[PDB]
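Next comes just one chain, in structure tokens: the form deposited in one PDB entry.
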């Protein structure tokens, strides 16, 4: 038998389409919308105040219209997506993002070194994301608002804050949401008696290789067993992509200046390690979270190396 007091607020799932709602000041936001967020903070267990008049609240996609709007923006209708994204955003907005040598890094916290390495890599390769939420956060990440982008990365990769991570695993997850269908790779394997056989790779597989860190060795030739037994030679004949990513288990490797875009250093064992990002500019730079180190040459345990590419064709011919 208690009076009703009302204020008008806005609900959204993408912060682009706002939906006017009139709420009762006697019930909580959870009792009317479900899980509700106001500027990242969970406001489910509280009641509307006059200070909420006209503000915009995040909600989970329960309505038919909200599912469509969430699908066009995030490319997913998973109900636990926003939940995991808001939980991650609660940590990433508390992180420090120093501007290390014109790039945006992350101060070490909650084992975020693999995210920092990946975020630095994403700022040095040409890449377009299909989900609008990622592409919007990608540009603001290059500007400086990387807290929102790191939360999306964690949410898309299904990785909770504080857990150890893999840079290559993180990159390949994001590559699925990238427009890489125009990338093309032509490989050629030659055997001494079986003969020669060429295959073509498109999409994500055209920009990743697991076997050697050296882009040059991939062009000169890598030894690969044949179905007949003896050792064959595989070479990269044609490559069309904005970049290539060469990966291998962490081994001591020398990075010569000007021969790559950036690389991933991994120190430690398979159970627990430490990620550092090496980048090549006027000289060799080493970004370790908030720390920076120069040197003319570099020698350390590398696991991923990124190269710039546009169009490469050998003239040898098959």
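Note that the rigid core is defined as the largest set of C-alphas that superpose within 1.5 Å between two forms. Positions refer to the first chain, counted from 1.
Enquirer: Between 96 to 104 and 202 to 210, name whichever shows the higher mean Cα B factor according to the PDB entry.
Expert: Comparing averages over the C-alpha atoms only gives 96 to 104.
Enquirer: So, looking at the entry's B-factor column for Cα atoms, which has the higher mean, 137 to 145 or 172 to 180?
Expert: Stretch with the greater average CA B-factor: 137 to 145.
Enquirer: Going by the CA temperature factor in the entry, name the top one among 165, 79, 242, 132.
Expert: Max CA B-factor in the entry, restricted to 165, 79, 242, 132: 79.
Enquirer: Split into thirds by Cα B-factor across the chain's modelled residues, where does residue 24 land: lowest, middle or highest?
Expert: Highest third of the chain for residue 24's C-alpha B-factor.
Enquirer: Sorting the chain's CA B-factors, does residue 66 end up in the lowest, middle or highest third?
Expert: As the PDB entry reports it, the C-alpha B-factor of residue 66 lands in the middle third of its chain.
Enquirer: By the recorded C-alpha temperature factor, relative to the other modelled residues in its chain, which third is residue 89 in?
Expert: CA B-factor rank for residue 89: middle third.
Enquirer: Grab the CA temperature factor for residue 256 from the record and place it in the lowest, middle or highest third of its chain.
Expert: Tercile = middle for this residue's CA B-factor.
Enquirer: Determine, from the deposited record, the chain-internal third of the Cα B-factor for residue 270: lowest, middle or highest.
Expert: According to the entry, residue 270 has a C-alpha B-factor in the chain's highest third.
Below, we turn to the form deposited in another entry, even though it does not appear here.
Enquirer: Which of these moves by 2 angstroms or more at the C-alpha between this form and the one not shown, core superposed: 179, 197, 135, 101?
Expert: Just 197.
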